[PDB]
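Text of my_file_25.cif (mmCIF, C-alpha atoms) as supplied:
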```
data_final
#
loop_
_atom_site.group_PDB
_atom_site.id
_atom_site.type_symbol
_atom_site.label_atom_id
_atom_site.label_comp_id
_atom_site.auth_asym_id
_atom_site.auth_seq_id
_atom_site.Cartn_x
_atom_site.Cartn_y
_atom_site.Cartn_z
ATOM 1 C CA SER T 1 -9.678 6.852 85.032
ATOM 2 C CA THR T 2 -8.530 10.016 83.285
ATOM 3 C CA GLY T 3 -7.013 11.031 79.943
ATOM 4 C CA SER T 4 -4.935 14.016 78.835
ATOM 5 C CA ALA T 5 -3.983 14.851 75.239
ATOM 6 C CA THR T 6 -2.351 17.807 73.536
ATOM 7 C CA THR T 7 -4.283 19.539 70.787
ATOM 8 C CA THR T 8 -2.377 21.417 68.075
ATOM 9 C CA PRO T 9 -3.472 24.086 65.554
ATOM 10 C CA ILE T 10 -3.393 22.786 61.962
ATOM 11 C CA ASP T 11 -1.994 26.032 60.574
ATOM 12 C CA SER T 12 -0.799 29.529 61.534
ATOM 13 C CA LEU T 13 -4.371 30.859 61.800
ATOM 14 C CA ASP T 14 -5.743 28.235 64.216
ATOM 15 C CA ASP T 15 -8.260 27.221 61.536
ATOM 16 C CA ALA T 16 -8.770 23.975 63.447
ATOM 17 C CA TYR T 17 -7.075 21.819 66.063
ATOM 18 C CA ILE T 18 -5.974 18.177 65.846
ATOM 19 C CA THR T 19 -5.494 15.701 68.676
ATOM 20 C CA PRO T 20 -3.806 12.307 68.329
ATOM 21 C CA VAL T 21 -6.107 9.313 68.859
ATOM 22 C CA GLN T 22 -5.082 5.647 69.069
ATOM 23 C CA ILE T 23 -7.465 3.290 67.229
ATOM 24 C CA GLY T 24 -7.211 -0.490 67.082
ATOM 25 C CA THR T 25 -4.695 -3.167 67.996
ATOM 26 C CA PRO T 26 -1.844 -2.568 67.402
ATOM 27 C CA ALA T 27 -2.571 1.130 67.711
ATOM 28 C CA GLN T 28 -3.146 3.182 64.605
ATOM 29 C CA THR T 29 -2.672 6.850 65.496
ATOM 30 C CA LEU T 30 -4.839 9.341 63.640
ATOM 31 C CA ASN T 31 -5.056 13.087 64.230
ATOM 32 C CA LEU T 32 -8.702 13.962 64.774
ATOM 33 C CA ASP T 33 -10.614 17.217 65.088
ATOM 34 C CA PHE T 34 -12.377 17.137 68.471
ATOM 35 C CA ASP T 35 -15.771 18.691 67.846
ATOM 36 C CA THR T 36 -18.152 19.572 70.688
ATOM 37 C CA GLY T 37 -20.721 20.475 68.005
ATOM 38 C CA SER T 38 -21.222 16.950 66.587
ATOM 39 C CA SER T 39 -21.446 13.404 67.820
ATOM 40 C CA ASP T 40 -19.801 11.102 65.259
ATOM 41 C CA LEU T 41 -16.278 9.673 65.491
ATOM 42 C CA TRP T 42 -15.326 9.143 61.861
ATOM 43 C CA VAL T 43 -12.055 8.545 60.115
ATOM 44 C CA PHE T 44 -10.364 8.429 56.769
ATOM 45 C CA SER T 45 -9.845 4.728 56.123
ATOM 46 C CA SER T 46 -8.813 1.970 53.759
ATOM 47 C CA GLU T 47 -12.416 2.159 52.503
ATOM 48 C CA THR T 48 -12.284 5.843 51.542
ATOM 49 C CA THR T 49 -12.582 6.519 47.802
ATOM 50 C CA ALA T 50 -8.949 6.688 46.735
ATOM 51 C CA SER T 51 -9.309 9.933 44.771
ATOM 52 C CA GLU T 52 -10.694 11.598 47.917
ATOM 53 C CA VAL T 53 -7.628 10.867 50.040
ATOM 54 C CA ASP T 54 -4.792 13.388 49.727
ATOM 55 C CA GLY T 55 -2.224 12.992 52.494
ATOM 56 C CA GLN T 56 -4.398 11.906 55.398
ATOM 57 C CA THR T 57 -3.485 9.010 57.633
ATOM 58 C CA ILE T 58 -6.031 6.200 57.230
ATOM 59 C CA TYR T 59 -7.480 3.634 59.586
ATOM 60 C CA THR T 60 -7.245 0.109 58.200
ATOM 61 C CA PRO T 61 -9.626 -2.103 60.196
ATOM 62 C CA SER T 62 -8.322 -5.296 58.597
ATOM 63 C CA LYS T 63 -4.996 -4.647 60.360
ATOM 64 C CA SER T 64 -6.641 -4.320 63.778
ATOM 65 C CA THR T 65 -7.220 -7.527 65.731
ATOM 66 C CA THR T 66 -9.924 -5.827 67.811
ATOM 67 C CA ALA T 67 -11.894 -4.319 64.895
ATOM 68 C CA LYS T 68 -15.344 -5.739 64.207
ATOM 69 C CA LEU T 69 -17.730 -4.686 61.458
ATOM 70 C CA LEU T 70 -20.943 -3.327 62.959
ATOM 71 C CA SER T 71 -23.141 -5.241 60.555
ATOM 72 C CA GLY T 72 -25.671 -3.204 58.613
ATOM 73 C CA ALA T 73 -24.709 0.120 60.136
ATOM 74 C CA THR T 74 -24.151 3.209 58.022
ATOM 75 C CA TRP T 75 -23.606 6.890 58.733
ATOM 76 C CA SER T 76 -23.906 10.162 56.857
ATOM 77 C CA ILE T 77 -23.270 13.660 58.173
ATOM 78 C CA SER T 78 -23.286 17.255 56.935
ATOM 79 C CA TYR T 79 -21.606 20.126 58.754
ATOM 80 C CA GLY T 80 -22.311 23.840 59.067
ATOM 81 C CA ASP T 81 -19.701 24.797 56.500
ATOM 82 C CA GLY T 82 -21.343 22.621 53.851
ATOM 83 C CA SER T 83 -18.842 19.769 54.125
ATOM 84 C CA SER T 84 -19.932 16.134 54.492
ATOM 85 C CA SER T 85 -18.881 12.500 54.791
ATOM 86 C CA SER T 86 -20.442 9.038 54.960
ATOM 87 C CA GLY T 87 -19.650 5.336 55.205
ATOM 88 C CA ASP T 88 -19.986 2.224 57.346
ATOM 89 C CA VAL T 89 -19.094 1.362 60.940
ATOM 90 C CA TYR T 90 -16.679 -0.736 62.961
ATOM 91 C CA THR T 91 -16.297 -1.096 66.684
ATOM 92 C CA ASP T 92 -12.748 -1.010 68.014
ATOM 93 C CA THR T 93 -10.588 0.094 70.918
ATOM 94 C CA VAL T 94 -10.013 3.856 71.030
ATOM 95 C CA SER T 95 -7.663 5.659 73.393
ATOM 96 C CA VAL T 96 -7.200 9.384 73.946
ATOM 97 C CA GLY T 97 -4.345 10.579 76.116
ATOM 98 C CA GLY T 98 -4.186 7.301 78.029
ATOM 99 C CA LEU T 99 -7.969 6.886 78.449
ATOM 100 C CA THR T 100 -9.250 3.753 76.723
ATOM 101 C CA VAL T 101 -12.735 2.843 75.502
ATOM 102 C CA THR T 102 -13.416 -0.654 74.186
ATOM 103 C CA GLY T 103 -16.243 -1.198 71.702
ATOM 104 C CA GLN T 104 -16.225 2.392 70.440
ATOM 105 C CA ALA T 105 -18.070 3.008 67.197
ATOM 106 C CA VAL T 106 -15.476 4.052 64.634
ATOM 107 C CA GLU T 107 -17.222 5.325 61.562
ATOM 108 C CA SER T 108 -15.230 4.506 58.440
ATOM 109 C CA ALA T 109 -15.555 6.994 55.589
ATOM 110 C CA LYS T 110 -16.348 5.664 52.134
ATOM 111 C CA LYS T 111 -16.891 9.217 50.861
ATOM 112 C CA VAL T 112 -15.733 12.657 51.998
ATOM 113 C CA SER T 113 -16.419 16.073 50.463
ATOM 114 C CA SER T 114 -13.759 18.175 48.794
ATOM 115 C CA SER T 115 -12.833 20.334 51.792
ATOM 116 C CA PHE T 116 -11.991 17.235 53.843
ATOM 117 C CA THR T 117 -9.841 15.882 51.010
ATOM 118 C CA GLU T 118 -8.085 19.255 50.837
ATOM 119 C CA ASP T 119 -7.410 19.293 54.627
ATOM 120 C CA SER T 120 -4.399 16.922 54.634
ATOM 121 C CA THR T 121 -3.846 17.507 58.359
ATOM 122 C CA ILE T 122 -7.277 16.263 59.534
ATOM 123 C CA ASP T 123 -7.683 12.464 59.597
ATOM 124 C CA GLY T 124 -11.260 12.610 60.887
ATOM 125 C CA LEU T 125 -13.521 13.966 63.625
ATOM 126 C CA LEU T 126 -14.187 12.964 67.207
ATOM 127 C CA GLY T 127 -17.596 14.240 68.270
ATOM 128 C CA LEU T 128 -18.161 15.452 71.807
ATOM 129 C CA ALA T 129 -21.733 16.781 71.616
ATOM 130 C CA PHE T 130 -24.602 14.668 72.959
ATOM 131 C CA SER T 131 -25.105 11.174 71.560
ATOM 132 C CA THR T 132 -28.646 12.024 70.422
ATOM 133 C CA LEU T 133 -27.011 13.702 67.372
ATOM 134 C CA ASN T 134 -25.038 10.630 66.327
ATOM 135 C CA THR T 135 -25.918 9.717 62.731
ATOM 136 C CA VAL T 136 -25.388 5.937 62.759
ATOM 137 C CA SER T 137 -28.363 4.022 61.396
ATOM 138 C CA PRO T 138 -30.294 1.895 62.227
ATOM 139 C CA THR T 139 -28.730 1.748 65.703
ATOM 140 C CA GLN T 140 -27.502 5.095 67.008
ATOM 141 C CA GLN T 141 -24.082 4.999 68.639
ATOM 142 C CA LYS T 142 -22.543 6.696 71.656
ATOM 143 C CA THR T 143 -19.730 9.238 71.648
ATOM 144 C CA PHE T 144 -16.303 8.500 73.090
ATOM 145 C CA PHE T 145 -17.123 10.668 76.129
ATOM 146 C CA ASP T 146 -20.461 8.949 76.659
ATOM 147 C CA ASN T 147 -18.761 5.525 76.597
ATOM 148 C CA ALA T 148 -15.949 6.647 78.946
ATOM 149 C CA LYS T 149 -18.095 8.612 81.392
ATOM 150 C CA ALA T 150 -18.863 5.925 83.961
ATOM 151 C CA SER T 151 -15.168 5.042 84.253
ATOM 152 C CA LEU T 152 -13.953 8.616 84.638
ATOM 153 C CA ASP T 153 -12.955 9.983 88.031
ATOM 154 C CA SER T 154 -15.420 12.820 87.373
ATOM 155 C CA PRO T 155 -17.890 12.908 84.453
ATOM 156 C CA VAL T 156 -16.288 15.880 82.706
ATOM 157 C CA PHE T 157 -13.932 16.879 79.956
ATOM 158 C CA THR T 158 -12.156 20.194 79.523
ATOM 159 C CA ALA T 159 -11.012 22.218 76.517
ATOM 160 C CA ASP T 160 -7.971 24.447 76.837
ATOM 161 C CA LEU T 161 -7.267 25.667 73.318
ATOM 162 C CA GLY T 162 -4.173 27.700 72.576
ATOM 163 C CA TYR T 163 -3.855 30.908 70.589
ATOM 164 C CA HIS T 164 -1.314 30.142 67.879
ATOM 165 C CA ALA T 165 -0.053 27.398 70.214
ATOM 166 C CA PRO T 166 -0.864 23.896 71.440
ATOM 167 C CA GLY T 167 -3.415 23.273 74.169
ATOM 168 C CA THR T 168 -5.013 20.393 76.022
ATOM 169 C CA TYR T 169 -8.109 18.214 76.182
ATOM 170 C CA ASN T 170 -8.505 16.500 79.558
ATOM 171 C CA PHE T 171 -11.003 13.775 80.417
ATOM 172 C CA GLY T 172 -12.187 12.968 83.912
ATOM 173 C CA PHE T 173 -10.514 15.752 85.906
ATOM 174 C CA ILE T 174 -10.183 19.513 86.197
ATOM 175 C CA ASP T 175 -6.569 20.729 86.179
ATOM 176 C CA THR T 176 -6.677 23.498 88.759
ATOM 177 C CA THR T 177 -3.276 24.764 87.540
ATOM 178 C CA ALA T 178 -4.593 25.490 84.021
ATOM 179 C CA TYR T 179 -6.701 28.584 84.781
ATOM 180 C CA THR T 180 -6.705 31.740 86.865
ATOM 181 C CA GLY T 181 -9.361 32.768 89.360
ATOM 182 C CA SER T 182 -12.514 30.683 89.654
ATOM 183 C CA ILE T 183 -14.602 28.668 87.198
ATOM 184 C CA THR T 184 -18.068 30.118 86.615
ATOM 185 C CA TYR T 185 -20.650 27.486 85.781
ATOM 186 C CA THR T 186 -23.732 28.143 83.691
ATOM 187 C CA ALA T 187 -26.810 26.119 82.682
ATOM 188 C CA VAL T 188 -26.922 23.942 79.569
ATOM 189 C CA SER T 189 -29.842 22.908 77.415
ATOM 190 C CA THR T 190 -29.414 19.569 75.648
ATOM 191 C CA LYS T 191 -32.694 19.917 73.714
ATOM 192 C CA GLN T 192 -30.872 20.394 70.384
ATOM 193 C CA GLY T 193 -28.071 17.931 71.237
ATOM 194 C CA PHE T 194 -25.487 20.685 71.734
ATOM 195 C CA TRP T 195 -23.662 22.254 74.665
ATOM 196 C CA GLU T 196 -26.120 25.139 74.481
ATOM 197 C CA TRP T 197 -25.960 27.945 77.013
ATOM 198 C CA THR T 198 -26.841 31.625 77.396
ATOM 199 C CA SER T 199 -24.201 34.315 77.623
ATOM 200 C CA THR T 200 -25.169 37.297 79.783
ATOM 201 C CA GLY T 201 -23.845 39.925 77.362
ATOM 202 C CA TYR T 202 -20.864 41.580 75.745
ATOM 203 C CA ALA T 203 -18.474 44.497 75.521
ATOM 204 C CA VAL T 204 -16.373 45.860 72.671
ATOM 205 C CA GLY T 205 -12.877 46.964 73.604
ATOM 206 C CA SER T 206 -12.886 49.179 76.676
ATOM 207 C CA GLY T 207 -16.598 49.957 76.201
ATOM 208 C CA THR T 208 -19.375 49.420 78.703
ATOM 209 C CA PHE T 209 -20.848 45.957 79.098
ATOM 210 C CA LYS T 210 -24.221 45.372 77.470
ATOM 211 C CA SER T 211 -26.401 43.022 79.498
ATOM 212 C CA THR T 212 -28.313 40.900 77.038
ATOM 213 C CA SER T 213 -29.021 37.180 76.761
ATOM 214 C CA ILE T 214 -27.221 35.448 73.913
ATOM 215 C CA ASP T 215 -28.135 31.782 73.455
ATOM 216 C CA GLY T 216 -25.490 29.769 71.639
ATOM 217 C CA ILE T 217 -23.343 26.645 71.554
ATOM 218 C CA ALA T 218 -19.838 25.931 72.776
ATOM 219 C CA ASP T 219 -18.398 24.421 69.602
ATOM 220 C CA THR T 220 -14.725 23.445 69.400
ATOM 221 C CA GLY T 221 -15.185 22.310 65.793
ATOM 222 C CA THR T 222 -16.123 25.763 64.528
ATOM 223 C CA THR T 223 -13.245 28.197 63.914
ATOM 224 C CA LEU T 224 -14.931 31.563 64.444
ATOM 225 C CA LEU T 225 -17.330 33.326 66.809
ATOM 226 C CA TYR T 226 -20.793 33.710 65.249
ATOM 227 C CA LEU T 227 -23.107 36.156 67.019
ATOM 228 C CA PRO T 228 -26.241 38.195 66.235
ATOM 229 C CA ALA T 229 -25.896 40.841 63.546
ATOM 230 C CA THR T 230 -26.490 43.656 66.055
ATOM 231 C CA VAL T 231 -23.552 42.515 68.229
ATOM 232 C CA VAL T 232 -21.262 41.933 65.265
ATOM 233 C CA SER T 233 -22.072 45.339 63.751
ATOM 234 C CA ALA T 234 -21.266 47.002 67.081
ATOM 235 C CA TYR T 235 -17.893 45.225 67.123
ATOM 236 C CA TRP T 236 -16.794 46.061 63.577
ATOM 237 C CA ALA T 237 -17.999 49.673 63.863
ATOM 238 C CA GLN T 238 -14.987 50.173 66.159
ATOM 239 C CA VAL T 239 -12.536 49.212 63.392
ATOM 240 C CA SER T 240 -11.831 51.921 60.808
ATOM 241 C CA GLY T 241 -12.522 50.611 57.333
ATOM 242 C CA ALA T 242 -14.207 47.378 58.382
ATOM 243 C CA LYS T 243 -17.137 46.292 56.253
ATOM 244 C CA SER T 244 -19.285 43.272 55.504
ATOM 245 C CA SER T 245 -18.386 41.883 52.106
ATOM 246 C CA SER T 246 -20.926 39.736 50.284
ATOM 247 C CA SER T 247 -18.224 38.657 47.817
ATOM 248 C CA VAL T 248 -15.812 37.539 50.524
ATOM 249 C CA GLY T 249 -18.570 36.111 52.729
ATOM 250 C CA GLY T 250 -18.343 38.197 55.886
ATOM 251 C CA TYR T 251 -16.705 41.080 57.668
ATOM 252 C CA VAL T 252 -13.269 42.122 56.439
ATOM 253 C CA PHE T 253 -10.996 44.854 57.782
ATOM 254 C CA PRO T 254 -7.792 46.626 56.799
ATOM 255 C CA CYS T 255 -4.818 44.447 57.681
ATOM 256 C CA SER T 256 -3.221 47.621 59.070
ATOM 257 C CA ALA T 257 -5.816 47.801 61.872
ATOM 258 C CA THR T 258 -5.333 47.166 65.557
ATOM 259 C CA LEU T 259 -8.373 45.143 66.576
ATOM 260 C CA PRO T 260 -10.221 45.807 69.834
ATOM 261 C CA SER T 261 -10.904 43.027 72.300
ATOM 262 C CA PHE T 262 -14.326 41.445 72.684
ATOM 263 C CA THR T 263 -15.731 40.445 76.072
ATOM 264 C CA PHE T 264 -18.538 37.929 76.642
ATOM 265 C CA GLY T 265 -20.454 37.291 79.839
ATOM 266 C CA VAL T 266 -20.717 34.018 81.709
ATOM 267 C CA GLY T 267 -23.074 34.743 84.564
ATOM 268 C CA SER T 268 -21.499 37.616 86.468
ATOM 269 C CA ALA T 269 -18.061 36.692 85.108
ATOM 270 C CA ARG T 270 -16.358 37.979 81.971
ATOM 271 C CA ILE T 271 -14.129 36.335 79.348
ATOM 272 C CA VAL T 272 -11.928 38.705 77.319
ATOM 273 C CA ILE T 273 -10.962 37.762 73.770
ATOM 274 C CA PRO T 274 -7.865 39.790 72.793
ATOM 275 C CA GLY T 275 -8.112 41.652 69.511
ATOM 276 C CA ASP T 276 -5.317 39.578 67.981
ATOM 277 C CA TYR T 277 -7.490 36.441 68.332
ATOM 278 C CA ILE T 278 -9.994 38.051 65.938
ATOM 279 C CA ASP T 279 -7.479 38.430 63.071
ATOM 280 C CA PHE T 280 -7.707 35.667 60.438
ATOM 281 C CA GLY T 281 -5.294 37.275 58.048
ATOM 282 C CA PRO T 282 -5.403 38.274 54.402
ATOM 283 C CA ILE T 283 -8.454 37.123 52.442
ATOM 284 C CA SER T 284 -6.047 35.925 49.728
ATOM 285 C CA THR T 285 -2.273 35.769 49.641
ATOM 286 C CA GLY T 286 -0.811 39.264 49.489
ATOM 287 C CA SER T 287 -4.095 41.090 50.099
ATOM 288 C CA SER T 288 -4.315 44.045 52.479
ATOM 289 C CA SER T 289 -7.885 43.050 53.308
ATOM 290 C CA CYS T 290 -8.053 40.725 56.322
ATOM 291 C CA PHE T 291 -10.821 38.366 57.405
ATOM 292 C CA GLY T 292 -12.576 38.911 60.719
ATOM 293 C CA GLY T 293 -12.918 36.326 63.476
ATOM 294 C CA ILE T 294 -16.302 37.584 64.664
ATOM 295 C CA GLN T 295 -19.053 37.062 62.099
ATOM 296 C CA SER T 296 -22.836 37.223 61.947
ATOM 297 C CA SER T 297 -24.876 34.133 62.801
ATOM 298 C CA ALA T 298 -27.832 35.475 60.819
ATOM 299 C CA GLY T 299 -28.948 32.678 58.555
ATOM 300 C CA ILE T 300 -27.092 29.990 60.553
ATOM 301 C CA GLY T 301 -30.029 29.765 62.915
ATOM 302 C CA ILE T 302 -27.855 29.544 66.019
ATOM 303 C CA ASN T 303 -25.091 31.534 67.676
ATOM 304 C CA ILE T 304 -21.774 29.687 67.858
ATOM 305 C CA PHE T 305 -19.080 30.199 70.462
ATOM 306 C CA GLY T 306 -16.340 28.659 68.336
ATOM 307 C CA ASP T 307 -12.586 28.524 68.817
ATOM 308 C CA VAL T 308 -12.126 32.313 68.742
ATOM 309 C CA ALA T 309 -14.155 32.518 71.953
ATOM 310 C CA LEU T 310 -13.243 29.189 73.543
ATOM 311 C CA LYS T 311 -9.469 29.631 73.214
ATOM 312 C CA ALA T 312 -9.737 32.709 75.473
ATOM 313 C CA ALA T 313 -10.946 30.428 78.282
ATOM 314 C CA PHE T 314 -10.513 27.199 80.180
ATOM 315 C CA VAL T 315 -13.788 25.428 79.438
ATOM 316 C CA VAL T 316 -15.397 22.644 81.484
ATOM 317 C CA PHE T 317 -17.896 20.383 79.753
ATOM 318 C CA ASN T 318 -19.649 18.896 82.735
ATOM 319 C CA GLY T 319 -21.508 15.715 81.784
ATOM 320 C CA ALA T 320 -23.183 15.130 85.127
ATOM 321 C CA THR T 321 -26.824 14.019 85.122
ATOM 322 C CA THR T 322 -27.717 17.692 84.660
ATOM 323 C CA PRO T 323 -24.996 18.957 82.360
ATOM 324 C CA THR T 324 -23.423 22.400 82.798
ATOM 325 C CA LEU T 325 -20.620 24.455 81.253
ATOM 326 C CA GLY T 326 -17.850 26.178 83.171
ATOM 327 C CA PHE T 327 -15.614 29.013 81.992
ATOM 328 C CA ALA T 328 -12.508 30.451 83.594
ATOM 329 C CA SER T 329 -9.929 32.950 82.440
ATOM 330 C CA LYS T 330 -6.384 31.652 81.968
#
```

Mind turning this structure into structure tokens?
Amino acid sequence: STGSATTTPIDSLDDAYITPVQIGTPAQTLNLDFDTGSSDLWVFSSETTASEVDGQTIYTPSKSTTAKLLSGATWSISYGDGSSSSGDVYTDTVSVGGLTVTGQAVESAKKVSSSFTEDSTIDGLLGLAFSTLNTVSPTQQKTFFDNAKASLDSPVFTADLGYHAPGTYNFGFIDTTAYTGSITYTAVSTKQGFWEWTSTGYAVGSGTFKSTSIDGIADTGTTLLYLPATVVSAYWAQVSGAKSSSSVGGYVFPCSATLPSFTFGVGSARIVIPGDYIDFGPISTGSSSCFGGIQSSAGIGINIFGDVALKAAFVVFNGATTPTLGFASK
């Protein structure tokens, strides 16, 4: 089997991407944030605290003939931006882009933190990291990809995120029309439950490439590119007026700037992030100070190849017995 679904930016900055997911019988379609950095599929629901729902589409398990309470199971998760959610668990039929999993754990939110409430366009998350990170207790549950894997034509999914435009998540096949040149594959460590890999270095603009190992995670659920302070300083030093602002919470730059590109290494291959992808616009409405898309990972504890990096590439998440990651230009 295979699946293919379009993923759409939630706003003009590509702050996140949503992908329609069919849950239950008859189908209830919710727009979920596919997140290769976590492993829980959770949704706004009929059980969510009413004051914490503001415009989201909810899953109502009582209206699904295939929903079953997973007795005794609870979940609770916290994300890297400080947001969180928790609740109980159903199993139900879940389909993405024509690919169907029966008995998928659908984690129903009883509580969500303020930033989720405020994100009216995100109806939940669909985790695509390794199932060892799934938070369901006392019986850990498998991700959608883990459940679908055996049935897929090939045990892979791909992320093809658009810049200020829709893109595609495919399951079970590699669309050889969706990228240019060849796919370069690179080793993955699953020791921390992430799609963790090591970039071979970087360049700023038209500058020379610096060969240096940068361990980090391919994370579709994180907006920006978070890299070591040395790398980030070298980038922003090429933008007149750019500075790190403690009050804003990262590097800002004059909105009048033309940003240089940023290149990262994948083995001997190179992915180029155009400067425009690094612009996240005014820090507040009407400001001439703009927020940067490359930020320091210092104090996160891990480097994160988020959407800013991933949207510059066609990315293969290869879930073979020994997982790997592939990157191609597009």

Check your understanding: Written as a ChimeraX atom specification, which residues does the PyMOL selection byres ((chain T and resi 211) around 8) give for the file shown?
Key -> /T:200-202,209-210,212-213

Exercise for review: Please evaluate the PyMOL selection byres ((chain T and resi 58-66) around 12) against the structure above and give the resulting residues as JSON, numbers by chain.
Suggested key: {"T": [21, 22, 23, 24, 25, 26, 27, 28, 29, 30, 31, 32, 42, 43, 44, 45, 46, 47, 48, 49, 50, 52, 53, 54, 55, 56, 57, 67, 68, 69, 70, 88, 89, 90, 91, 92, 93, 94, 101, 102, 103, 104, 106, 107, 108, 109, 110, 120, 121, 122, 123, 124]}

Those selected residues, please, written with C-alpha atoms and delivered as a PDB file, in the frame of the given file.
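This is the output file out-v4.pdb:
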```pdb
ATOM      1  CA  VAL T  21      -6.107   9.313  68.859  1.00  0.00           C
ATOM      2  CA  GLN T  22      -5.082   5.647  69.069  1.00  0.00           C
ATOM      3  CA  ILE T  23      -7.465   3.290  67.229  1.00  0.00           C
ATOM      4  CA  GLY T  24      -7.211  -0.490  67.082  1.00  0.00           C
ATOM      5  CA  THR T  25      -4.695  -3.167  67.996  1.00  0.00           C
ATOM      6  CA  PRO T  26      -1.844  -2.568  67.402  1.00  0.00           C
ATOM      7  CA  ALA T  27      -2.571   1.130  67.711  1.00  0.00           C
ATOM      8  CA  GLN T  28      -3.146   3.182  64.605  1.00  0.00           C
ATOM      9  CA  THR T  29      -2.672   6.850  65.496  1.00  0.00           C
ATOM     10  CA  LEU T  30      -4.839   9.341  63.640  1.00  0.00           C
ATOM     11  CA  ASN T  31      -5.056  13.087  64.230  1.00  0.00           C
ATOM     12  CA  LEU T  32      -8.702  13.962  64.774  1.00  0.00           C
ATOM     13  CA  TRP T  42     -15.326   9.143  61.861  1.00  0.00           C
ATOM     14  CA  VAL T  43     -12.055   8.545  60.115  1.00  0.00           C
ATOM     15  CA  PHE T  44     -10.364   8.429  56.769  1.00  0.00           C
ATOM     16  CA  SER T  45      -9.845   4.728  56.123  1.00  0.00           C
ATOM     17  CA  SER T  46      -8.813   1.970  53.759  1.00  0.00           C
ATOM     18  CA  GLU T  47     -12.416   2.159  52.503  1.00  0.00           C
ATOM     19  CA  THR T  48     -12.284   5.843  51.542  1.00  0.00           C
ATOM     20  CA  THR T  49     -12.582   6.519  47.802  1.00  0.00           C
ATOM     21  CA  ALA T  50      -8.949   6.688  46.735  1.00  0.00           C
ATOM     22  CA  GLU T  52     -10.694  11.598  47.917  1.00  0.00           C
ATOM     23  CA  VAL T  53      -7.628  10.867  50.040  1.00  0.00           C
ATOM     24  CA  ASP T  54      -4.792  13.388  49.727  1.00  0.00           C
ATOM     25  CA  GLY T  55      -2.224  12.992  52.494  1.00  0.00           C
ATOM     26  CA  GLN T  56      -4.398  11.906  55.398  1.00  0.00           C
ATOM     27  CA  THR T  57      -3.485   9.010  57.633  1.00  0.00           C
ATOM     28  CA  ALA T  67     -11.894  -4.319  64.895  1.00  0.00           C
ATOM     29  CA  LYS T  68     -15.344  -5.739  64.207  1.00  0.00           C
ATOM     30  CA  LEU T  69     -17.730  -4.686  61.458  1.00  0.00           C
ATOM     31  CA  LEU T  70     -20.943  -3.327  62.959  1.00  0.00           C
ATOM     32  CA  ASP T  88     -19.986   2.224  57.346  1.00  0.00           C
ATOM     33  CA  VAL T  89     -19.094   1.362  60.940  1.00  0.00           C
ATOM     34  CA  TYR T  90     -16.679  -0.736  62.961  1.00  0.00           C
ATOM     35  CA  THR T  91     -16.297  -1.096  66.684  1.00  0.00           C
ATOM     36  CA  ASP T  92     -12.748  -1.010  68.014  1.00  0.00           C
ATOM     37  CA  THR T  93     -10.588   0.094  70.918  1.00  0.00           C
ATOM     38  CA  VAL T  94     -10.013   3.856  71.030  1.00  0.00           C
ATOM     39  CA  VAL T 101     -12.735   2.843  75.502  1.00  0.00           C
ATOM     40  CA  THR T 102     -13.416  -0.654  74.186  1.00  0.00           C
ATOM     41  CA  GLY T 103     -16.243  -1.198  71.702  1.00  0.00           C
ATOM     42  CA  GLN T 104     -16.225   2.392  70.440  1.00  0.00           C
ATOM     43  CA  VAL T 106     -15.476   4.052  64.634  1.00  0.00           C
ATOM     44  CA  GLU T 107     -17.222   5.325  61.562  1.00  0.00           C
ATOM     45  CA  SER T 108     -15.230   4.506  58.440  1.00  0.00           C
ATOM     46  CA  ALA T 109     -15.555   6.994  55.589  1.00  0.00           C
ATOM     47  CA  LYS T 110     -16.348   5.664  52.134  1.00  0.00           C
ATOM     48  CA  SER T 120      -4.399  16.922  54.634  1.00  0.00           C
ATOM     49  CA  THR T 121      -3.846  17.507  58.359  1.00  0.00           C
ATOM     50  CA  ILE T 122      -7.277  16.263  59.534  1.00  0.00           C
ATOM     51  CA  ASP T 123      -7.683  12.464  59.597  1.00  0.00           C
ATOM     52  CA  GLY T 124     -11.260  12.610  60.887  1.00  0.00           C
TER      53      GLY T 124
END
```

Point to revise | Residues within 7 Å of residue 272 (chain T), all atoms listed in the file, excluding chain neighbours under 2 positions, as a PyMOL selection string | key: chain T and resi 261-264+270+274+312

Each residue of region 223-259 of chain T with at least one atom at most 6 Å from region 279-302 of chain T should appear once, together with its nearest atom pair and the corresponding distance in Å (one decimal); atoms considered: all atoms listed in the file; ordering: chain, then increasing residue number; output as JSON lines.
```
{"residue": "T:224", "atom": "CA", "partner": "T:293", "partner_atom": "CA", "distance": 5.3}
{"residue": "T:225", "atom": "CA", "partner": "T:294", "partner_atom": "CA", "distance": 4.9}
{"residue": "T:226", "atom": "CA", "partner": "T:297", "partner_atom": "CA", "distance": 4.8}
{"residue": "T:227", "atom": "CA", "partner": "T:297", "partner_atom": "CA", "distance": 5.0}
{"residue": "T:228", "atom": "CA", "partner": "T:297", "partner_atom": "CA", "distance": 5.5}
{"residue": "T:229", "atom": "CA", "partner": "T:296", "partner_atom": "CA", "distance": 5.0}
{"residue": "T:232", "atom": "CA", "partner": "T:296", "partner_atom": "CA", "distance": 6.0}
{"residue": "T:251", "atom": "CA", "partner": "T:292", "partner_atom": "CA", "distance": 5.6}
{"residue": "T:252", "atom": "CA", "partner": "T:291", "partner_atom": "CA", "distance": 4.6}
{"residue": "T:253", "atom": "CA", "partner": "T:290", "partner_atom": "CA", "distance": 5.3}
{"residue": "T:254", "atom": "CA", "partner": "T:289", "partner_atom": "CA", "distance": 5.0}
{"residue": "T:255", "atom": "CA", "partner": "T:290", "partner_atom": "CA", "distance": 5.1}
```

Review point. Do you have the CA of residue 145 (chain T)-CA of residue 171 (chain T) distance handy?
Key: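 According to the coordinates, CA of residue 145 (chain T) and CA of residue 171 (chain T) are separated by 8.1 Å.
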